[PDB]
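Here is the structure we will look at.
Starting from 1, each residue takes its place in the sequence as its number. Below, each value reflects all heavy atoms present in this structure, side chains not excepted, and no hydrogens, waters or symmetry copies.
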Amino acid sequence: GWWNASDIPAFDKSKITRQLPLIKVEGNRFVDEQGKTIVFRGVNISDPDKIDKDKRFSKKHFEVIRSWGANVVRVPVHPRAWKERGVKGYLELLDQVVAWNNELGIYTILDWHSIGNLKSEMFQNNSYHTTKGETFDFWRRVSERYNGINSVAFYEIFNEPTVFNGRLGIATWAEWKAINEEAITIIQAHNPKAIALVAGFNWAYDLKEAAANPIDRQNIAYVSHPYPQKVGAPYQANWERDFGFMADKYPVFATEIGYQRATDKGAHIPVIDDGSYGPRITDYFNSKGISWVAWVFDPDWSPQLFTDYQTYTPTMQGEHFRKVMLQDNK
């Protein structure tokens, strides 16, 4: 696969005609280069490999995102699509997403979208399977190719670390910290402005162990994926204990949030909720200045933000997150 690729052309610079403001981390916030705080609220697209097989891979899908008010889009690269298109075929799609977002004024998070315990090579299922060699190779190639484009601002090293109570083996936070430090050294040696987003365990929900022993690099932020059934009621005090307290010292990006009713298409734990989670969590994130990205701007993967590609009509969570982005993004 990745170890057999070559003759990969460089990013075509004529696809881009403007530079967005450079974002950096200062203490617990993201800031632009006048020092103004920016909070990002946007959406995950489905994998570009899926949008292309649906024949919807065109700038007009991303213009609909811009009309919902998003100021960031997260792109979940699944290791299985990266192997099946191959490095050169997948970078053809990824370079077009980066150029479309850039021309629309929207920042990109590149997400290596695997779930499980990368150190022992045990994953939630065979679709997320990858290795440390392939993961570091992916980060080396994208940090080198998008270096210099300020709109590719965030590199989310590995979507959802989890050992599932031991079913996926053993990984301490100390060992996971050393792997993310090495991934961050690779990215910052190619792209000195990159901000890396690092996650903890329990499917990227917990930041308590990270706070006790933080990553030893600069320009980084921490992730949480506080879906509605990760914890029960008093929700805000449980969220604050598990990850929101970290937002007093480092920026926290909740790179997946989302919810739908028990009877909705593909509904599964932990995304099931009656509807009060949406206002409760975006108010909680406004109280703490936490950035977030809703999952997922697709009509098939669950929970859906819209019902079909003919109309892009928002679902129940889609209507709430779109209203909050149009109102609160600055």
Side-chain angles (χ1 to χ4, degrees), residues 39-47 50-51 61 64-65 68-78 106 108-109 111 113-115 124 127-128 154 156 159-162 197 199 202-206 223-233 235-236 238-239 242-244 252-286 288 290-309 312-329:
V39 174
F40 293 97
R41 301 181 185 76
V43 302
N44 283 268
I45 52 163
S46 57
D47 193 311
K50 177 182 191 279
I51 300 169
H61 179 68
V64 175
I65 289 176
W68 283 23
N71 60 2
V72 65
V73 162
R74 177 162 177 256
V75 182
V77 179
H78 283 56
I106 282 173
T108 289
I109 300 165
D111 153 32
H113 197 85
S114 178
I115 295 183
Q124 183 157 287
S127 135
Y128 293 120
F154 299 109
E156 182 167 3
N159 166 51
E160 282 179 350
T162 172
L197 299 189
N202 190 11
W203 286 263
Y205 171 61
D206 180 44
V223 161
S224 181
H225 287 190
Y227 279 117
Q229 297 166 293
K230 302 298 296 192
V231 287
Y235 283 105
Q236 297 95 152
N238 286 334
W239 294 333
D242 289 334
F243 69 93
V252 166
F253 212 146
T255 50
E256 298 184 20
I257 51 175
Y259 55 106
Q260 56 185 165
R261 291 174 181 296
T263 49
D264 290 336
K265 172 164 61 175
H268 55 288
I269 290 174
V271 306
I272 286 162
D273 190 77
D274 54 31
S276 65
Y277 163 89
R280 186 177 291 122
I281 188 105
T282 50
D283 286 348
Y284 175 73
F285 285 158
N286 283 334
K288 301 292 306 183
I290 287 173
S291 288
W292 51 258
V293 188
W295 178 277
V296 61
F297 190 75
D298 187 78
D300 311 308
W301 285 6
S302 165
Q304 299 76 198
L305 281 167
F306 59 89
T307 47
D308 56 70
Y309 282 123
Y312 286 92
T313 304
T315 54
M316 171 182 64
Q317 63 155 358
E319 195 70 84
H320 174 68
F321 284 135
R322 170 176 183 286
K323 184 223 299 216
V324 169
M325 289 177 322
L326 281 171
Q327 160 167 279
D328 293 344
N329 279 339

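Side chains of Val39 and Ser291 form a contact here, defined as non-hydrogen atoms less than 4.5 Å apart. A 4.5 Å side-chain heavy-atom check between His113 and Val75 finds every atom pair outside the cut-off. Looking only at side-chain heavy atoms (C-beta outward), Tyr277 and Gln229 stay at 4.5 Å or farther from each other. Here the side chains of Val64 and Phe306 are not in contact, with every heavy-atom distance at 4.5 Å or above. With a 4.5 Å cut-off on side-chain heavy atoms, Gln317 and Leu305 count as touching. You'll find the side chain of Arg41 stays beyond 4.5 Å of the side chain of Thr282, heavy atoms only. Counting only heavy atoms from C-beta outward, the side chains of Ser224 and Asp206 never approach each other to under 4.5 Å. Side-chain contact between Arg74 and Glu256: present, with at least one pair of heavy atoms (C-beta onward) separated by less than 4.5 Å.
No side-chain donor from either of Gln124 and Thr162 sits under 3.5 Å from a side-chain acceptor of the other. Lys230 and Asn238 are not linked by any side-chain donor-acceptor pair at a separation below 3.5 angstrom, with hydrogens and angles left out of the test.
Contact detail for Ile51 and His61: the closest heavy-atom pair is CD1-NE2, 3.9 Å. Of all heavy-atom pairs between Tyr227 and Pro270, the closest is CB-O, 3.5 Å. Between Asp300 and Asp298, the closest heavy-atom pair is N-OD2, 2.8 Å. Nearest heavy-atom pair, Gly266 versus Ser302, reported as atom, atom and distance to 0.1 Å: O-OG, 3.2 Å. When all heavy atoms of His225 and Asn159 are compared, the closest pair comes out as CE1-OD1, 3.2 Å. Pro228 and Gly258 get closest at one heavy-atom pair: CD-O, 3.1 Å.
Judged by distance alone, the side chain of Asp273 and the main-chain N or O of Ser276 form a donor-acceptor pair under 3.5 Å. For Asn71 (side chain) and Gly42 (main-chain N/O), no donor-acceptor pair under 3.5 Å exists by modelled atom type.
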(message) As a quick check of understanding, evaluate side chain to side chain contact (heavy atoms under 4.5 Å, CB included) for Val293 and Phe40, giving each step before the final call.
(response) CA-CA 8 Å; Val293 188; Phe40 293 97; over 6 Å; no
(request) Under the side chain to side chain contact (heavy atoms under 4.5 Å, CB included) rule, what do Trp295 and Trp301 come out as? Steps first, then yes or no, please. (result) CA-CA 9 Å; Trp295 178 277; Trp301 285 6; 3.8 Å; yes
(message) Applying side chain to side chain contact (heavy atoms under 4.5 Å, CB included) to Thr315 and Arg261, what does each step give before you reach the verdict?
(response) CA-CA 11 Å; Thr315 54; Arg261 291 174 181 296; over 6 Å; no
(message) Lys288 vs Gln236, test: side chain to side chain contact (heavy atoms under 4.5 Å, CB included). Steps then yes/no.
(response) CA-CA 11 Å; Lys288 301 292 306 183; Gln236 297 95 152; over 6 Å; no
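Taken from CE in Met316 to CD in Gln304, the straight-line distance is 11.0 Å, to the nearest 0.5 Å. Here the CG atom belonging to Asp274 is positioned 13.0 Å from the CD atom belonging to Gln260, to the nearest 0.5 angstrom. Rounding to the nearest 0.5 Å gives a distance of 11.5 Å between OG1 of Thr307 and CG of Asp264. Here the straight-line distance linking atom CG of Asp328 with atom CG of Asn286 works out to 5.0 Å at 0.5 Å rounding. Note: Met325 CE to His320 NE2 = 10.5 Å, rounded to the nearest 0.5 Å.
Across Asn44, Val271, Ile290, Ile281, a single residue satisfies side-chain contact (heavy atoms from CB on, under 4.5 Å) together with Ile257, and that is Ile281.
Taking the six-membered ring for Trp and the full ring otherwise, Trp68 and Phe297 have centroids separated by under 6.0 Å. Ring-centre distance between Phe321 and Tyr259: below the 6.0 Å cut-off.
The environment of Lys50 atom NZ is dense: over 12 non-hydrogen atoms of other residues, nucleotides or ligands sit within 6.0 angstrom.
Classification of the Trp239-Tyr235 ring pair by plane angle, with boundaries at 30° and 60°, yields tilted.
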